[PDB]
Structures are given as C-alpha cells and as structure tokens.
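The structure appears right after this line, and notes come after that.
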There are 4 protein chains.
Amino acid sequence: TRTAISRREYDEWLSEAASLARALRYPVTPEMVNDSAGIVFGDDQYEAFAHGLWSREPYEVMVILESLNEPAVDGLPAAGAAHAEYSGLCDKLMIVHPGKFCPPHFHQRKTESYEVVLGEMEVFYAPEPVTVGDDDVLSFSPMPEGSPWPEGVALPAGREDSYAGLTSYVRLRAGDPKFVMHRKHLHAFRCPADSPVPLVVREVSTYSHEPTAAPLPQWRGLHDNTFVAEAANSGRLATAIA
Amino acid sequence: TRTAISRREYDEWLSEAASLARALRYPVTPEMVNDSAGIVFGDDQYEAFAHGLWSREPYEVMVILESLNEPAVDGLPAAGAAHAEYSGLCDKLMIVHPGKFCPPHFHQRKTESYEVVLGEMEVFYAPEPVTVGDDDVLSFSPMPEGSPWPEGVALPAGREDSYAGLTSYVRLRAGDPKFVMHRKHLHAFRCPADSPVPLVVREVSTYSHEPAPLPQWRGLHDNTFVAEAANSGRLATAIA
Amino acid sequence: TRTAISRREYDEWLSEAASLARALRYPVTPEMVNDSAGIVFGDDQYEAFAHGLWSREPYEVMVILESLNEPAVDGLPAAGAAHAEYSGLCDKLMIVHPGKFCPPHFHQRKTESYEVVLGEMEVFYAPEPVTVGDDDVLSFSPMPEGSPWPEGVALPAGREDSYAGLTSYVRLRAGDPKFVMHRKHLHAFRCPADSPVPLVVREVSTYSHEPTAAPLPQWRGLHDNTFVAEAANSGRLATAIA
Amino acid sequence: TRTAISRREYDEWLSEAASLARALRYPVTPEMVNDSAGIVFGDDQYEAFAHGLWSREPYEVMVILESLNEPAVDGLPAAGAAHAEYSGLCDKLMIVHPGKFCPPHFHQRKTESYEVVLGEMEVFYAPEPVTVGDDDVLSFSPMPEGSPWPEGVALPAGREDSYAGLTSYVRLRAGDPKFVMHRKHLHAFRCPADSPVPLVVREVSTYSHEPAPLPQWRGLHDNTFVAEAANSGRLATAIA
Ligand SMILES: [Mn+2]
Ligand SMILES: [Mn+2]
Ligand SMILES: [Mn+2]
Ligand SMILES: [Mn+2]
C-alpha cells in the first residue's frame, strides 16, 4: 500500500491543477503552487495514487490553491479581539478529481460559501449544527434541509462510517447562486465519479486557521478543522512526497 | 443637464455588464440585475451619460453585481454580537468603464480585497487609517505605501479635491496577488481612460452594510464618501 | 424612422461586442473593430436602433469580428485555380443580440460551420440545396432534415416572407458538436428573444467573398452572398453612421 | 527504454488535456478523446514518459482534439473534384507541454492557421515552399520571413538535424493576429521549456488527410516528416 506520493506524481498533479485554474481565470501565483497545496487526508489515502486521479476510485485527496487568507484584524476595535477569529477573509480554489472527496469535518469558527467553476459539486452535510460547549450561539439563516443522498455515492473504503451524520444533500453547478455552509456544521463534498472533468470550486470563507508573528496572540497554534475520521483528524497535515 | 439615466441607457448598461460577467464565469442570477446595481455617485454624475460609457471621460459611475452578502452570524457566540458587523462575507463583481471611477470613500467596518478579472485597475488610497469611533483598534498588516500617482490621471470635474488625501497608488492586473484594502482606509479606483475594455474586478470583503441579522445592524451606514455629492448619489438611481 | 446609427450607438455596440469577445478568448485586434463590423441588413433595419439592441425586438442586425479570411491560394496547383474560390479559410465571431437575426441567404461557394460560444443559436435552413445552373454538383454528407420551427420565432416586420423556404430548424448550444451548413443552402439564425445574453458564435468557413491586389484575378468583384430579401440583397453593404 | 505509454499515463494525459480544453471553451465530445489523440512521433519519443510531461525535457509528443474535419465536397462542382482535397475545413485544439514539440513536417495539401489560446507558441519554419508534385502552383501572400531563432532552444536528442531547414521563427501569444502556415511549407513548433502552463492552440485549416468524400481521397497521405522516425510515430499510439 502507498505511503507517499512521488515527486513526479505530485508535480504533475499540482501543475495540471494550476494550469486548469489559470485557464478558468483564477489568479495563481508561483508561491501558491507549493508542496502543501496537494492534500492527502490520512496515510491510508495515499493509496489514491496507486491507480491515479483518473481511476475514479473513492479517496479523500484534493488540491487547494489559496489566493487569500486575510485576518482582517487591522482596524478592528480592540474590544472585538475575542471573536476576530470567526471573521477574516479566505479565497481558495479547490480542485477535486472524479470520485474524490473533501472529508467529513466541521469548523468551530469558519463559515464558508461555494461557487462551482467547472463540473458539479455534490455537497453532504448535517442540517443541524454540532454542539460546541454550553455556548449561547446566534441564529439568523439556518442551513436548508436539503435533499436525501442520491444513488451513486461511492464512499472511501474504511471511512464510510464518518459520513453517517452528513444526512443532507445538495448538488451545485456553475451559475447557481452562492451556497453558504455555516460554521459548526459537519460537511464534505465530492466530484461525481462519472464527471468528465475535475470539479473546480471557488470557496470564499472567513479566515482559515490551519498549520503552515500571528495576527493575534490567541491565534497561535489554533486549529479550526475537526475531521470525523481519526486518520484524517490526527495526522493529515504535511504531504509526504518521495 | 442630465438629471437621470434613460430607461434604455440603464437597460443596455446593466445587460451588457451582466453579459460580460457571465462570459467571465461570474454567477449572475436575475435578482442581482436590479434598479440599484448601476450606481451614479451624485446628481452631477448623470452627465456621464450625455456622451456615454465609451466616451472615456472621467465620471464616477459603475455597476456592481452582488452574488453574496452573508452576515455570518449563525454559529457565532452571542458574546461577539457587538462586533459581528465587522465580519461577514460579501462577493461582488464591479464593472467600471474607461476613465470612470469608484469615488473616494472609506468604510468603518468593511475590509475589502481585489481580484482583477479583465482590464487593469488603478487604485488610489491613503496608507494611514482614519479613526472612526473606537480609539483602540488592532493592527497587524498595515497598508503598504505603494507608489506615488503616475502622470496624466484625469479626475472628474468638480471632484478633483476629493482625491487629494489618496496619495498612494497601485496598478493591478489579472493574475496578480489579491490586494487588500483594510477598513477605515480612504480609497478609490478607476479603469484607465485608454483601456480597450471595461475594467472587471471581483471584490471579496466582509459584510456590505447598505440601508436584520442583529438588531443593531438595522439602518447601519458603512460608506463615507469624501465628496458631499457622492454620498447623495448612492441612495437610489434616477431612471427616467 | 431611423436611417442611420449614431456614432455613439455604433461605438458602444462595437466596443461592448469586442469586450465580450475578448472575455470569451476570441482574438480581437484593433483593426478588427472598424466601421464595417457592425452590419445592418437593409435601410429598414436601422429602426433596430430606435429602441436599441436590448429591446428584444425582431430586426436583422449583427456584429462580425473577422480574425481570418485567408484565400489559401498559395501552393495550390494552377490547375485548380477555377475552384479555389470554393476553398480558403475564414474565422469570425458573430454577436447577435436577443431577438435579432442574420437574414435568410445562401452562398454559392461558401460552406460554413458553427460553434456556439455563449447563449443559444436558433438556426433556420432549407434541407435541400438551391439549384445553381445546370451544374452537376458533388454530394457526400447532405444536410440533416432537422426539426420543424419551435414556438416563439418573431420575424422582422416586412421580412417574414423571406423566411418561408427555411423550413428546417436546429438549436445549437455551447459544447455541442460543430454544425456544418453546406454551400448552396438557404439559411439564417437568431438569438432567442428571451436570452439573457447576446448570442456569440464562432464561424469557421471557406473564404468569404464580400466587399471591403486580389488573391486571383477571377476573385475581383466577386459577391458570394445572395440574400432572399431585396432590401438586404440590394443595398446592405456599408453601415451608415452619423 | 520506453516503447509504449502506460494506460494510466495515457488516460491522465488525455483526461487533463480534454479538461483544459473544456475550461477554455473548446467543444469536446466523447468521440474526440480516443486512442489516437495523444500522439508520439516515433518509438524513440515514448521516452518522453520516462520523466513525464512536466519534466520540461525536449520530446516530440502532443495531444490533438479534432472537433471538425469537413470535406466540403457537398455543393462543389464536379469539375473541381481533382483539387477538392486542397480544400475542406478542419478545427482542432493542440495541447503541447513545456519543452515539447510538434516535429518538422510539411503538407502537400493542407494550409493551416494558428490561434494561441493559452501559453506561448514558438514556430520554426521554412519561408520558401517545397515543390510537391505539380510544378505550376499559385502564389499570393508568401510566408513572411519572421526572425532568426532566439538563443537557447533545446531540441529533442537525435532529432536536432531535422530542424535545420526551419530557419524562420515567430513567437505567438494569445490575442495576436491569426498566423497562417501555407501548404508545402516545412514547419514545427514547441511550448517554451520554461512555460508555467501547457501550450494550447486552436488550429483552423483545410481538410486533414489521415489514413470517402471522393474515390481519390482514399488512403491519401498528406503529412511528410523530416525525420524518418517521426513518420513512423503517427500511425498508432502504443498503449500498454
Ligand atoms: Mn470546510
Ligand atoms: Mn469601498
Ligand atoms: Mn452565411
Ligand atoms: Mn502541420
């Protein structure tokens, strides 16, 4: 079983992703195409490269080209420092190949929005927010109920369990209105296995607290991504390239 | 002189803007093309239509197609309700014709970012922030100094002085890194007068307050223009 | 009734057309944006500008941005000079606003192909070729029969008669296979009146013999566009701008 | 050494090429993505896959996605049947990776035109036409002289000499005027070795004869490569 991605496999993956992104008019700078942009969620997912990104097999791997991750702390009243972490601005292009997924997880602080650029996006989520402490949270526009899962959702071997709570389904396409995924909601998505092209989606969200002189002292060592699956939640950061 | 835009002028202006937006893959739905998307900053700016959007003359008029304006209040701890207005997510596509401007102004709460999609964007701004309300504010990544203005910029007649404080300049093109304009910073921008195409820019910013997620958000004004006339021209577009 | 297009109307029309073309990646050079690119088929069609290109009213007006019109005579055996006029290469982008048409006509020498870039193209044609002299013409892939006209085809006032022979219908969209319109076939097309965008179509055809040191002596003064309507066939060239 | 391309390599090569084509708005239908769209010009060129399409090494391999290849015989006077083969309409999208080439060759009948869609195209050609068959040919707009080759062009190993006769050079970019390559002219092209993206070019040409509209068209060969090996690599792609 694969334990890493070869330099050739990785370079071709990111190069073709960056080329497709540019063709779609997403602003890609050299610095954005790095050894951290191609993500493998769990060591058991490197097996995705045994047959490759066009095998159409179910695995949790994807490319993220981040053009923006602005704290938006400047100008913020000091009195609001405690919750600045729920704000900020992040713009990234996500490229997911046929049959692949962005694994089940939720964010305590980050709210996201999706805009499909190419292909079709199958989003899976929990209409109800996870309970985070004895917090008295605000409400305004709760997540829509959505529809039940369609037929054809091949889940990654050994991870099917982590998708159990994501009962709601919505399929997004280019030209559709923006879709918002409120913070504290379990979610995941995949590119249909029969898709002729990789799924390309622009995500505009609040600040992304992920490992990679902090905006605020309290922001140091802050992880805002909690995955359901252990393999992904505990040990999914850096990408092993050999 | 012009006191309003004709129905035909408005329809062609927004129909072509929305068509260009769609060609550039921006998600445009019907409710986005409305009576307020074509903005004229002041009654004296309707004269921009005496010769049209391809006259290359300096006027402050533009189209904004907003695909998202999410409060992002859901899930936020009640304890942060007081400053939730500084957050949120807004996505809009701005179309500015040759020589036209988005006039000098600042936002107390909204921080923006620019991504040029078509054409080139000339940004004029003040690198030092203004103080709006609360004295003690946070700081992390101050606005860069950019460069001084280039020669030959044509400003709108009678609005020249309003640009005096925006001494820094940067010219953005497609493919460039995202440019951030922190809240409380005076800024403005134009499409070069000699541009072959209209300037098209995607703006990703915090919530856009335009007269509710929270009680205190009601009737909140977050756009302060330097020119008195420009403030007036932002309420409603006069379409004859 | 309108007798010409104002300089402002014309410049805005061509400028927005060239901008849209560039946005769609069609190579537009300054020389391609000229006073002949915006075409009005007949003096009775200038009325299209009484209410404008977004009035959605039926008129025969359009923009043609020609990036190529190559004789392809170079290297051709002298023995084939007699029929070089049926060859050549022409690449042009056609932009037609909601409800507007490219008027009924046929070409004796030019064969065309269509590739919709934006919007939807409603093509009207005669499945059978017009008879041009006692010619013994070649055959290989005759025009498909197509379907009958749909409901919603508002024809230009005073020209509805010229559309009578174009009995076959086909609706083209972006991503569809290339559609070929063989020479000697009456044809026309329009952008649906309810379209949210102007119809943008790339036409790749054989040489376009239209008024504007000839490739071949016999090519001088050669017109290959025969329109059904008199107003268009006799007096539709130059565009009157005032 | 490599004697064929692996199934996975071929699938990823064409799937990414077709995806890029679609993103660039080229009309790709299923029958266009086939076992002959990924071309390897010679058995010695399969080595291009030893390190891959992003190795930036000079090899003669490319993908061609043909959306149209119309004989244009319908309606043509029978009297012109003898030279109908010099006409017709072909539309194809060519994708060439960094440092890769479309090898030196000429067509007796096909005249082509290039429109760069993504990246930059370096064209090497002979401005003087070769004589193929008939002596008396027509002339109107001779190929321009272009410029001499720029410094540093890396050629495929063992194929260097085949480029000797293509002394003229032109570099084409997106938005440039269409470039015409008349029939009977030796030509070749590559994507710069340092290009950040694959070169994507739309070719509009007369009919592409590849082994019927007319009896005489059967088994017609209209591609003559300078390198003997390159001629061999054009028949069928070895996919293991
Ligand atoms: Mn997420
Ligand atoms: Mn602003
Ligand atoms: Mn025609
Ligand atoms: Mn060739």
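All Cβ positions, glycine included, derive from the backbone under ideal geometry; neighbour counts span all protein chains shown. Just so you know, all these numbers are worked out from the coordinates, no wet-lab data involved.
General observations
- Positions within the stretch B:171-220 being surrounded by fewer than 24 Cβ atoms within 10 Å (Cβ to Cβ), in contact with a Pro (Cβ under 7 Å, 6 or more places away or on another chain) and of a type in the set (S, T, Y), in sequence order: B:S195
- Residue count for the stretch A:43-92, restricted to those that are touching a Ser or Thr at 6+ places or on another chain (Cβ under 9 Å) and of a type in the set (G, A, S): 9
- Qualifying residue in the stretch B:148-161 (condition: assigned to a loop (DSSP other than H, G, I, E, B), surrounded by 17 or more Cβ atoms within 10 Å (Cβ to Cβ), away from ligand 3 (no atom under 16 Å from the Cβ) and β-branched (V, I, T)): no
- Answer from D:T29, D:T111 - the residue that is away from ligand 3 (no atom under 16 Å from the Cβ), at the interface with chain C (Cβ under 9 Å from one of its Cβ atoms) and over 19 Å from C:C90 (Cβ atoms): D:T29
- The set of residues in the stretch D:91-105 being crowded, with 24+ Cβ neighbours inside 10 Å, within 11 Å of another protein chain (Cβ to nearest Cβ) and within 16 Å of ligand 4 (Cβ to nearest atom) consists of D:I95 alone.
- Search result, residues across the stretch D:130-147 that are surrounded by 14 or more Cβ atoms within 10 Å (Cβ to Cβ) and more than 9 Å from chain C (Cβ to nearest Cβ): D:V130, D:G146
- Checking each residue in the stretch A:7-43 for being assigned to a loop (DSSP other than H, G, I, E, B) and within 10 Å of chain D (Cβ to nearest Cβ) picks out A:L24, A:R25, A:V28, A:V33.
- Residue within the stretch B:213-220 that is away from ligand 1 (no atom under 16 Å from the Cβ), within 11 Å of chain A (Cβ to nearest Cβ), assigned to a loop (DSSP other than H, G, I, E, B) and not aromatic (F, W, Y) present: yes
- Within the stretch A:138-156, residues that are within 14 Å of another protein chain (Cβ to nearest Cβ) have Cβ atoms under 9 Å from residues that are of a type in the set (K, R) in no pair, counting only partners at least 6 apart in sequence or on another chain.
- Yes/no for D:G119 being under 26 Å from A:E16 (Cα atoms), crowded, with 18+ Cβ neighbours inside 10 Å and within 14 Å of another protein chain (Cβ to nearest Cβ): yes
- Subset of the stretch A:171-196 that is closer than 9 Å to A:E120 by Cα and part of a loop (DSSP other than H, G, I, E, B) - its residue that is nearest to ligand 2 (Cβ to nearest atom): A:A174
- Inclusion of B:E85 among residues that are surrounded by fewer than 21 Cβ atoms within 10 Å (Cβ to Cβ) and either within 16 Å of ligand 3 (Cβ to nearest atom) or more than 16 Å from the chain's Cα centre (by Cα) (or both) is not warranted.
- Residue within the stretch B:66-73 that is part of a strand (DSSP E or B) and among the polar types (S, T, N, Q) present: yes
- Residue check, D:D194 more than 16 Å from ligand 1 (Cβ to nearest atom), outside any strand (DSSP E or B) and under 29 Å from D:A72 (Cα atoms): no
- Figure legend. Inter-residue proximity from the stretch C:196-209: first residues more than 10 Å from chain B (Cβ to nearest Cβ), second residues β-branched (V, I, T), beta-carbon distance below 6 Å, spacing 6+ or different chains. Indicated pairs: C:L199/C:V96; C:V201/C:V116; C:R202/C:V117; C:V204/D:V204; C:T206/C:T111.
- Checked against (1) at positive phi; (2) in a helix (DSSP H, G or I), D:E16 meets all criteria but (1).
Per-residue answers, yes or no, for (1) surrounded by fewer than 24 Cβ atoms within 10 Å (Cβ to Cβ); (2) over 17 Å from the mean Cα position of the chain (by Cα); (3) within 26 Å of C:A229 (Cβ to Cβ):
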| position | (1), (2), (3) |
| --- | --- |
| C:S36 | yes, no, yes |
| C:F41 | no, no, yes |
| C:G52 | yes, yes, yes |
| C:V73 | no, yes, no |
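- Restricted to the stretch A:98-108, and to residues there that are more than 13 Å from the chain's Cα centre (by Cα) and assigned to a loop (DSSP other than H, G, I, E, B), the residue that is nearest to ligand 2 (Cβ to nearest atom) is A:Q108.
- Only one of the numbered conditions (1) within 14 Å of chain D (Cβ to nearest Cβ); (2) over 16 Å from the mean Cα position of the chain (by Cα); (3) surrounded by 20 or more Cβ atoms within 10 Å (Cβ to Cβ) is not met by C:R159, and that is (1).
- Of all residues in the stretch A:167-183, at least one satisfies being within 16 Å of ligand 1 (Cβ to nearest atom) and either small (G, A, S) or away from chain B (no Cβ under 14 Å) (or both).
- Hits in the stretch D:121-158 (condition: touching a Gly at 6+ places or on another chain (Cβ under 9 Å), more than 20 Å from D:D176 (Cα to Cα) and hydroxyl-bearing (S, T, Y)): D:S139
The rows are residues; the columns are (1) within 16 Å of ligand 2 (Cβ to nearest atom); (2) in a loop (DSSP other than H, G, I, E, B).
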| residue | (1), (2) |
| --- | --- |
| A:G75 | yes, yes |
| A:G80 | no, no |
| A:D91 | no, no |
| A:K110 | no, yes |
| A:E115 | no, no |
| A:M121 | no, no |
| A:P129 | no, yes |
| A:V153 | no, yes |
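- From the options A:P98, A:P104, residue that is over 25 Å from B:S139 (Cβ atoms), away from ligand 3 (no atom under 16 Å from the Cβ) and more than 10 Å from every other protein chain (Cβ to nearest Cβ): A:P104
- Residue check, A:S139 under 15 Å from the mean Cα position of the chain (by Cα) and either in a strand (DSSP E or B) or away from ligand 1 (no atom under 15 Å from the Cβ) (or both): no
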